[PDB]
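Structure at a glance
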Amino acid sequence: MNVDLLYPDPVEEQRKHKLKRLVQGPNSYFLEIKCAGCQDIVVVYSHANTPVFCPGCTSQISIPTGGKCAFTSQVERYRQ
Amino acid sequence: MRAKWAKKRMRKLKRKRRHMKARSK
Amino acid sequence: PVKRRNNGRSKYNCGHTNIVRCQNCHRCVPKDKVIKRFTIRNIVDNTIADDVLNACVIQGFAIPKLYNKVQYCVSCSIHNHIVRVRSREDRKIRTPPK
Amino acid sequence: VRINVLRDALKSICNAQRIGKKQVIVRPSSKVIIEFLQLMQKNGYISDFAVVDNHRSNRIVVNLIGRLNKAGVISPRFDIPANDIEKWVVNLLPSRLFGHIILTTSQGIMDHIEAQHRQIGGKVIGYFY
Amino acid sequence: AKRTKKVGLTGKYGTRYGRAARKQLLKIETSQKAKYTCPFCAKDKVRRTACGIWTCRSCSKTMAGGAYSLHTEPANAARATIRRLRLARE
Amino acid sequence: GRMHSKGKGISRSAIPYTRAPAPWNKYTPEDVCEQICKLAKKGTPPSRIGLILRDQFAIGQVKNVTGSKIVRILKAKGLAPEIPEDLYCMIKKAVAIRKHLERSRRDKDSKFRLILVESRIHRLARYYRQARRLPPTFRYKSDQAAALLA
Amino acid sequence: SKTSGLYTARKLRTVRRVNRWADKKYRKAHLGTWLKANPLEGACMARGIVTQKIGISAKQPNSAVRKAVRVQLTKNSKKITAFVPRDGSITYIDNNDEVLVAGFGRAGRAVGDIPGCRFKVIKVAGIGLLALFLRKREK
RNA sequence: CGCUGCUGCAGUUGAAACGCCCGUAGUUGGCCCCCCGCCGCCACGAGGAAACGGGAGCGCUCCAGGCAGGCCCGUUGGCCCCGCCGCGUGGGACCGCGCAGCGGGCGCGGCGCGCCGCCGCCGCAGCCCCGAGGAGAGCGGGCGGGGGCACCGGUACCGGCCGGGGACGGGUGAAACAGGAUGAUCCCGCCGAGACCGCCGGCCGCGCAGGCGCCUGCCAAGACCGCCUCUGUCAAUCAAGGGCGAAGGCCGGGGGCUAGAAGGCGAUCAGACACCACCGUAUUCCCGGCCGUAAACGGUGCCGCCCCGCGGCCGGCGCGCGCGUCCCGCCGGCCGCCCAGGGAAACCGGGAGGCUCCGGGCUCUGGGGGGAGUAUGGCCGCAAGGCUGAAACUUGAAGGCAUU
């Protein structure tokens, strides 16, 4: 263990609170889900709470949850 | 409860002292 | 000085608990400061248990158990020996004896 | 709320030294904190310190060498007349020879000895001995 | 402009009739002369023509009511019962 | 902690270090501005415009993709709300509690939570008039609050 | 806790003025109730005519008869009780013969086994009591 | 005498954190722009009586003194202190505050400008620190005896009624007083009345405290968590002021099952108008108010920072993993033990730590023990009482914690 506070461990940081990390940063990412109907992927927010609609479909494709959004229909997460 | 009984005795005597002042003035 | 940290009652995150009556002394004690011992005794005495079963006509009968929760005040408990004055170190021991 | 940025910093350094921790982090970084620490680095009481940028108040990772004994702030910062500096040094610091009193001056943040040589006085930021 | 500190409309009775009677009357006579909201035209114009009789000045509707209040507390409880019991039948 | 309760929670949103548009971003700053204007015409509160742009669209922080925060863009086009959203939402809560109390005279707890809400309204309004945001004359009145909402 | 703001001098000055009164000594120095109450009225000592020679018992556990004189102070017509110090000194003091009385030395408190005597005679008929005891001057 | 505490006091238990919450005055407010104006600020000057207090030099014989002296600076008697909150100069770190577009040309305005007007005039990067492990607002998700109202269930208690059966029941520690052939007690059916919500029920949870547990709805909330949502310091603590506040009490309406201040009885005892038995009024319960207090306690104000391990529980969320109400975190809460450290010690250790090595901000209270929370005056309440609150006078201890 020669690890220093100045250069913090990379994977250790994600075990800390976002605010208490050496640099405050988002714990959320934008995923590129693939809607079953359209071959084109749809950018989605990881912790989405508002209704999100897949382009070309009239059904909400996001089930809102306490934290990270769950996705109602078949989707390919393809995080990007 | 001597301290509570002391304040009961005090209140009773101040009530009486008020009655005497009510008889006067 | 302060003999016990719990103050003699388990009141945490609370300003007021329910009132229980000591069964022997009929006093009002808070729920936290109560003996609360739950006892399951068989309805009959164990001396008369086997002879009741022999007498019982019903086959496969099981003797009823009596389930009761005896709650007492500190005075109505130390005098019945349900709880005992302990040494200052022994007082800290929270584990039930036996 | 967080009225004094420097007090929390020098407390979080003294606590770390007592534990024996080599490096510590200060949650809010001020320009006056950097000037107080810079004075301690030019007096040998501290080691390298690096201000990370969080795009807000900023953090400071401070390296220590066990050399520092006590670091504090005088609040409210009382303006000290030039002839009053010595009376402060006779109570705040142990020994007229060792210690430092950090006072903000019109010339800049300076130790009591530097202020005495320039023959000017100023508001006391704090002290490190 | 605060003509009397404690007695309100009871200043009419001067020093006579006691303190207890004047306190009860203060509350009773404030309700009797109060303007209540019309149940029909939703305007605060209802005034007491007679005991048990209240007329909306604007609505022109005359309603049966409590002697000193357009609505008595017993009566409001009775209304709630009848509405619930009628709904229970249907 | 909380101004009106002894709560010490720290939940907050931590915006990213880099002030960059997203690599997948294909929305020009003007294109995002049109979306902000469109939702505001439909009456979306400024906070909810940002949530829609975060979720249906890909704009995590509007400030990064555009050059300014949502209310500043709304102000330029003149479609900003007259009373700030924060003050407006608090006024709505007071109107709700006052309406519920006209049927619940014995509800002391809701009255306590009406004192707290109206103290917060006076303190935020006092700031907004000193900040020249609100007309100096603007003084919240319990009785006329309900009509003012529209 | 105390208040430490660069502009809170006014509060500290008020707090000191208010809490100065809690000490009995500041009150017995500045309230002025003592000056009116004292039969010496702030004088180093007072003069007054003897009215009664009284034998005052000592407080327990001491058992003795302390010897004192009741004195009406010419200055304020106020009768005090003053111990006459030393052995057989009372014989020098007659009735109505004028005595100069000073306090005991506890600043107005009764001292020793003697109760309520806050004063002691220093000069009888213009003659120092200690001198009449050492037989330096006759009565 | 750090027993008045600015330096520099104390408030868990010795004296002492206001029962709670909001909140004005007041005091206090994170970070940020070098270079500009105002402020305070520090330095240095001017100018304003000496004496005094220092203090240069001088042997009144020393000395307290005095300004003397000795062929001597033009012999001296210098110089400082007049807190001087004013003024002048310099600095500009800290400390607060700063709203306007600028610039060119007309223009040299009526002896040089400046204001003002006038043209886009074409010069100008013309104009937004940021987004606090500050605060508020939102969205989503669960959370809980949080709150109001209506509804409703269940026994138990007590009263009534039908039957049955027969003699003693009650009550105690032992009795006794009442209860009974007008059939008690006991058993069962049934009915009325009001209270109350068991076991589950807790080192559970919620609430600002006081407090909060039947069912079924209705209504408005709140913390917490998650978040690349909005705002941009809106904040902290708080005299006065507003609201809340167990129980008992009081004032009107009701209601009245239980228990039960008073009262009455039967015992006890030396006495007993106490404890215990028995009967029972106010009260207990609801609605609309008063009251304004509790050992209202964590006997520990509030907001903020850091601090050492080890476990338990509760709520939300994330990570692995077959995949489990696992595991490892994170955040908020409630806790137990405790390393230092602190303390007179008990103990605290999520502080009572980071403190004679003493200074983050704010409010409140105490200053030996009585007298005395008395007196008097005020305010408040219908009253009971609340709140504010002496002195004379007395006394040498009162008190804390620990050891025997």
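Residues numbered from 1 in each chain as written, not as in the entry; some residues may be left out. Chains lettered and ligands numbered in written order. Part of a larger assembly, values for the part shown. Heavy atoms only, no water. Residues with missing side-chain atoms left out of burial classes, pairs and counts.

Some details on the overall build of chain C
As a reminder of what qualifies: We count a stretch as a helix when DSSP gives it H or I for four or more residues in a row; a strand needs E for two or more, and each element gets its number in order from the N terminus. Any two residues whose heavy atoms approach within 4.5 Å are treated as being in contact. Accessible areas in this description were obtained via Shrake-Rupley with a 1.4 Å probe; residue shielding takes into account the shown protein chains only. Positive charge is attributed to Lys and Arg, negative charge to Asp and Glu, and no charge count is given to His or to the chain ends. By convention, charge coordinates are those of NZ in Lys, CZ in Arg, CG in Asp, or CD in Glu.
The number of helices and strands found in chain C is three helices and four strands. Along chain C, helices and strands appear, N-terminal first, in the series β-β-β-α-β-α-α. Viewed in the frame of its principal axes, chain C has a C-alpha envelope of about 65 × 30 × 25 Å. Partitioning the contacts of chain C with sequence separation of at least 6, the portion at a separation of at least 24 is 57%. Split by element, the accessible area of chain C, about 8400 Å² in all, is 54% carbon and sulfur. Separation of charge centres in chain C, based on 21 positive and 6 negative side chains, amounts to 16 Å.

Considering the pairing of strand 5 (residues 119–124) of chain G
Residue and element names in this part refer to chain G. Formally: Each pair of strands is called paired provided DSSP finds at least two bridges between the two strands.
Relative to strand 5, strand 3 (residues 78–83) runs parallel, the two sharing two bridges. Along strand 5, the bridge assignment pairs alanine 82 with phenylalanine 119. Alignment of strand 5 against strand 6 (residues 127–128), held across two bridges, turns out to be antiparallel. Along strand 6, the bridge assignment pairs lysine 123 with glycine 128.

Describing the UniProt feature "binding site: Zn(2+) 1" (unreviewed entry) in chain C
Residues and elements named next belong to chain C. To be explicit about the condition: UniProt positions are given in the numbering used here, feature names are shortened, and annotations may be inferred rather than shown by experiment.
Look at the UniProt record and you will see "binding site: Zn(2+) 1" (unreviewed entry) annotated at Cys22. Locating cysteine 22 in the fold gives a position in the loop between strand 1 (19–21) and strand 2 (28–30). Every residue in contact with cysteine 22, bar those within four places of it in the chain, is listed here: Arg27, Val29, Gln71, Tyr72, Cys73 and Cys76.

Considering the state of the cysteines
Formally: Disulfides are defined in this document as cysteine sulfur pairs within 2.5 Å. Each residue gets one of three labels from its accessible area relative to the maximum for its type: buried under 20%, exposed over 50%, partly exposed in between, using a 1.4 Å probe on protein chains only.
One pass over the full model with this rule turns up nine disulfides over all chains. For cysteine 41 of chain E, the disulfide goes to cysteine 59 of chain E, at an S-S distance of 2.0 Å. Taking the sign of the S-S torsion, about -55° here, the bridge from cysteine 41 of chain E to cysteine 59 of chain E comes out left-handed. One end of the pair, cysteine 41 of chain E, is in the loop between helix 1 (20–32) and strand 1 (46–50); the other, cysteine 59 of chain E, is in the loop between strand 2 (53–56) and strand 3 (62–64), with 18 residues separating them in the sequence. Judged by relative accessible area, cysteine 41 of chain E falls into the buried class, the value being 18%. Among the residues examined, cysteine 59 of chain E registers a relative accessible area of 16% and is labelled buried. Across the disulfide from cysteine 56 of chain E sits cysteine 59 of chain E; the S-S distance is 2.0 Å. No difference in accessibility class separates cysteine 56 of chain E from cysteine 59 of chain E, as the two residues are buried. Among the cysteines around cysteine 69 of chain A, which has no disulfide bond, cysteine 35 of chain A carries the closest sulfur, lying 14 Å off.

Here we look at the protein's contact with RNA strand H
Our working definition: When we say a residue is near a molecule or strand, we mean one of its heavy atoms is within 4 Å of it. Polar contacts here mean pairs of N or O atoms no more than 3.5 Å apart (in protein, one a potential hydrogen donor and the other a potential acceptor; neighbouring residues in sequence count only if both atoms are side-chain atoms). In this classification, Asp, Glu, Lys and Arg are treated as charged, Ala, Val, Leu, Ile, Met, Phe, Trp, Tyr, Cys and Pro as nonpolar, and every other residue, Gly included, as polar.
In the vicinity of RNA strand H, 170 residues are found, and the nearest of them are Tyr45 of chain A, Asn13 of chain C, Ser75 and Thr104 of chain D together with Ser47 of chain F. Contacts to RNA strand H include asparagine 18 of chain C, whose side-chain N or O atom sits 3.1 Å from a base nitrogen. With 13 residues, helix 6 (residues 108–130) of chain F is the largest single contributor of residues to the surface near RNA strand H. For the surface near RNA strand H, the residue count by class is 50 nonpolar, 54 polar and 66 charged.

Some words on a positive patch on the surface
Let me state the cut-off plainly: Patch construction takes residues with relative accessible area above 30% that form no salt bridge. Like charges are linked within 9 Å, and nonpolar side chains (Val, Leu, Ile, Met, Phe, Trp, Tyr) are linked within 5 Å. The term salt bridge refers to a pairing of a side-chain nitrogen on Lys or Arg with a carboxyl oxygen on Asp or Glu at a separation within 4 Å.
Taken together, the side chains of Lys4, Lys7, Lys8, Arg11, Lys14, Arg15, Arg17 and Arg18 of chain B present a region of like positive charge at the surface. With respect to the element layout, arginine 17 of chain B can be found in helix 1 (residues 2–23).

With respect to the side chain of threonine 10 of chain E
All names here are of chain E. Note that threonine 10 resides in the segment before helix 1. Classification of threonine 10 by relative accessible area gives buried; the value is 1%. Setting aside anything within four residues of it in sequence, one finds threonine 10 in contact with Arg22, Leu25 and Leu26.

As for the packing of helix 1 (residues 5–19) of chain D against helix 2 (residues 31–41) of chain D
Residue and element names in this part refer to chain D. Rules: Angles run from 0 to 180 degrees between N-to-C directions of axes, and those axes are lines fitted to C-alpha atoms, restricted for helices to the stretch in contact. Should an angle fall under 35 degrees it is taken as roughly parallel, and over 145 as roughly antiparallel, whereas 65 to 115 is taken as roughly perpendicular and any remaining angle as oblique. Here a crossing is called left-handed whenever its near helix is offset anticlockwise from the far helix by less than a right angle, and right-handed whenever the offset is clockwise.
Packing of helix 1 against helix 2 leaves a shortest axis separation of 9 Å and a crossing angle of 40°. One element, helix 1, and the other, helix 2, form an angle in the oblique class. Handedness of the helix 1/helix 2 crossing: right-handed. Seen from helix 1, the contacting residues are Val5, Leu6, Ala9, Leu10 and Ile13; seen from helix 2, they are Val32, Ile33, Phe36 and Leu37. Its residues placed into classes, the contact of helix 1 with helix 2 shows nine nonpolar, no polar and no charged.

Concerning the layout of surface pockets
By rolling a water-sized probe across the atoms, one finds the places where empty space is left. Residue and element names in this part refer to chain C. In plain terms, the rule: Site definitions follow a grid-based scheme: protein atoms alone, a 1 Å grid, a 1.4 Å probe that fits but cannot get out for cavities, and for pockets an open set with protein on both sides within 12 Å along at least five of seven lines, plus lining residues having an atom within 4 Å of a point. Grid points are joined across faces, edges and corners, and a volume is the space filled by probe spheres set on the points.
Considered as a void within the structure, the second largest pocket measures approximately 1300 Å³ in volume. Along the wall of the second largest pocket there are 31 residues; nearest its centre are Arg4, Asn6, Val83, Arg86 and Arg91. Top element by residues in the lining of the second largest pocket is helix 3 (residues 88–92). It accounts for three residues. Considered class by class, the residues forming the lining of the second largest pocket number twelve nonpolar, five polar and 14 charged.

A few points about the interface of chain F and chain A
We count it as follows: The term buried area means the drop in 1.4 Å probe accessible area that two parts suffer when joined, counted for both and summed.
At the junction of the two partners, chain F supplies 16 residues and chain A supplies 19 residues. Summing the contributions of chain F and of chain A, the shared interface buries around 1400 Å²; its carbon and sulfur component is 65%. Applying the counting criterion to the chain F and chain A interface returns zero salt bridges. At the junction of chain F and chain A, the tally comes to six residue pairs in polar contact. The residue inventory of the side of chain F that touches chain A, partitioned by class, reads ten nonpolar, three polar and three charged.

What to know about the arrangement of the chains
Contacts between protein chains span four pairs of chains, and they are most numerous for chains A and F. The two units chain B and chain D are non-contacting; their minimal C-alpha-C-alpha distance is 44 Å. With no contact formed, the shortest span from any C-alpha in chain B to any C-alpha in chain F equals 34 Å.

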